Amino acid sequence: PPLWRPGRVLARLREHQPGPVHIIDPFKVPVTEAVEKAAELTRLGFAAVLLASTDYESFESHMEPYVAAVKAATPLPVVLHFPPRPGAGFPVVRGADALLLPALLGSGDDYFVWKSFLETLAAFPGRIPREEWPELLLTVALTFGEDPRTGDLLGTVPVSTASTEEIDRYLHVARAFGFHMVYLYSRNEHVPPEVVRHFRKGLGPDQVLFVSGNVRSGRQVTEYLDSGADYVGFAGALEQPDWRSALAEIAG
C-alpha cells in the first residue's frame, strides 16, 4: 500500500486536466444531498470529490457510511481533508481513496506545522488493515487573509504578501521535502491570483496546486486556472437550495 509514497490518487490528480473540484462538507450536507451532488460531479469531468470541514465530531461512525454512499454515486476518487487533533492525529475511515494531510507551515504550533503527521503514522494502521488504508497526499497548507477561526484552532497566521520572503521559504520546503501538493486557502477573502502564479512558477512540475476559499463563479475559476492552479475548490457556493444552477455556472 503506498501510504505516504505517491499512489493512484496522486497520479490521477497529476495527469487529469486542471479544473474545478467541488468540496462537500459532510458535517453540514445531509448524506442524501451529497449523493445527489456526487452524481453530477462525474458528468462535469471533475477529477475527484473532496469531503472536508474544519469541524467534525463522531467522525468514524458518520464518515464510513457517508464515504460509502458517495462512492456508490460516483466513480471519482474520494479524498478526505480535515484538521488533526492532538491525541488522535488526522481522522480516517476505510473506503476513502486518500487523505489530504495538511502541514500548516505558517502555524505557530509545531503540532499543526507537522507533528500531527508523526502522531497519525504512529497510530497507523490502527483499526483498518494496511491494505485497505487510504493513500496520503502530503500537502503544504497555507492560509490567506484575516482568519481568527483557523488561527484559534490551528495556530495559523495569515501569510504576509508584503514581500515574497515568507512564501519563498515555503517554496523551498515544499520542494526539498518533496511535498505532493500545495493548498492555498482563504476563509474570509480570496487567495491572490499573483500568489497562485508565484507558487506555480516556483514549484516542481509534478507538485499539484490547489486553491480554495470564496470561489463562487466560473470567472474566478478561470482566473485561478489561468494563474496556474491545478484545481480550484469550492464548497459554500453549493450549500444552498439552488445549488444546481450555481454548479452549472461554476463549471461552465
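Numbering starts at 1 and follows the sequence shown.
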item	value
122 to 130 or 76 to 84, whichever carries the higher mean Cα B-factor	122 to 130
Residue range whose averaged C-alpha B-factor is higher in the record, 208 to 216 or 221 to 229	221 to 229
Options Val159, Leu105, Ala96, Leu101 - largest CA temperature factor per the record	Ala96
Member of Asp110, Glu166, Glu135, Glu146 with the greatest C-alpha B factor (per the PDB record)	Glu146
Ranked against its chain, the third holding the CA B-factor of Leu203	highest
B-factor third for the C-alpha atom of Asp242 within its chain	highest
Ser186 by Cα B-factor - lowest, middle or highest third of the modelled chain	lowest
Among modelled residues of the same chain, the CA temperature factor third for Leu153	highest
Third of the chain's Cα B-factor distribution that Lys37 belongs to, per the entry	highest
